[PDB]
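# Experimental structure below, sequence on top.
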Amino acid sequence: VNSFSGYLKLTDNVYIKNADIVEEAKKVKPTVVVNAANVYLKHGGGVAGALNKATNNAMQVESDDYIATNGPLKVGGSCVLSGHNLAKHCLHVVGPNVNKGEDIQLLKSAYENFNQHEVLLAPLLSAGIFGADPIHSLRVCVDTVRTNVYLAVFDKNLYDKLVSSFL
Ligand SMILES: c1nc(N2CCC[C@@H]2C2CCC2)c2cc[nH]c2n1
């Protein structure tokens, strides 16, 4: 038994809810929150801008030190950093950006990083501000992640479409 509430169960391991990943993290304080990162960990908008704002910019300060030491992530890659006031850890995952000409098959590579963590609260990768078809992103998630993932989709219209179209 865990602390996540109000989720619809899609599969043995994938759960979904119409929620802001930020308010959900503040309420639950999960072990892992996933950020929809870019390779530079520049948290300017969307999930990353909203998560970073909720940390009072401490996520950006930590991220700039990470990049100064390690250089950029790979598209499809990830790193584990602090979850600050939101979670124990933040898993920064880089889904492809189709607005940059970046392989949609890197989205499966992005969701494979979730399998190193038994449970995660996560957003739909490569959606919203980043561009991909969220219905596709949910299918890849279900067919790739084997650990327990709680998806917070911040669009009720899109949430209802994802649920009503889910195979
Ligand atoms: C969850 N998803 C978030 N987005 C923003 C862009 C893409 C993603 C969803 C919007 C439908 C998919 C946000 C943003 C702030 N909080 C969020 N929580």
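Sure thing, it's come through. Residues are numbered from 1 along each chain as shown.
# Please count neighbours and contacts with C-alpha atoms only from this point.
OK.
# the longest helix in the chain is where?
When the chain is scanned for its longest helix (criterion: DSSP state H), the result is helix 58-70.
# who does it touch, helix- and strand-wise?
Applying 3 or more CA pairs under 8 Å, 6 or more residues apart in numbering; DSSP states H and E, one finds that helix 58-70 contacts helix 46-54, strand 78-82.
# Tabulate those (JSON lines), appending mean neighbour count.
Below are those laid out as JSON lines (neighbours: other CA atoms under 10 Å):
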{"stretch": "helix 46-54", "mean neighbour count": "21"}
{"stretch": "strand 78-82", "mean neighbour count": "18"}
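# show me what contacts residue 122?
Taking CA atoms under 8 Å, 6 or more residues apart in numbering, we find residue 122 in contact with 21, 33-35, 149-152.
# how about it, phi and psi?
Main-chain dihedrals, residue 122, degrees, to the nearest 10: phi -150, psi 160.
# so how far is residue 19 from it?
Taking CA to CA, to the nearest Å as the measure, residue 122 falls 11 Å from residue 19.
# if I look at the two, which residues touch both of them?
With contacts defined as CA under 8 Å, 6+ apart, the residues shared by residue 122 and residue 19 are residue 152.
# Throw the helices and strands packed on helix 58-70 into JSON lines and include distance to residue 95, thanks.
Supplementary listing: the helices and strands packed on helix 58-70 in JSON lines, determined by distance: least, CA to CA, whole Å:
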{"stretch": "helix 46-54", "distance to residue 95": "12"}
{"stretch": "strand 78-82", "distance to residue 95": "9"}
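# how about the residue of the chain found nearest the ligand, what does it touch?
Proximity of the chain to the ligand (CA to the nearest ligand atom) peaks at residue 128, 3.0 Å away. With contacts defined as CA under 8 Å, 6+ apart, the neighbours of residue 128 are residue 46.
# Quick one: check stretch 87-102 for contact with the ligand.
No - judged by CA under 6 Å from any ligand atom, stretch 87-102 and the ligand are separated, with a smallest distance of 11.5 Å.
# next one: that stretch to chain centre, how far?
Chain-centre distance of stretch 87-102: 7 Å, with CA atoms, centre = their mean, to the nearest Å.
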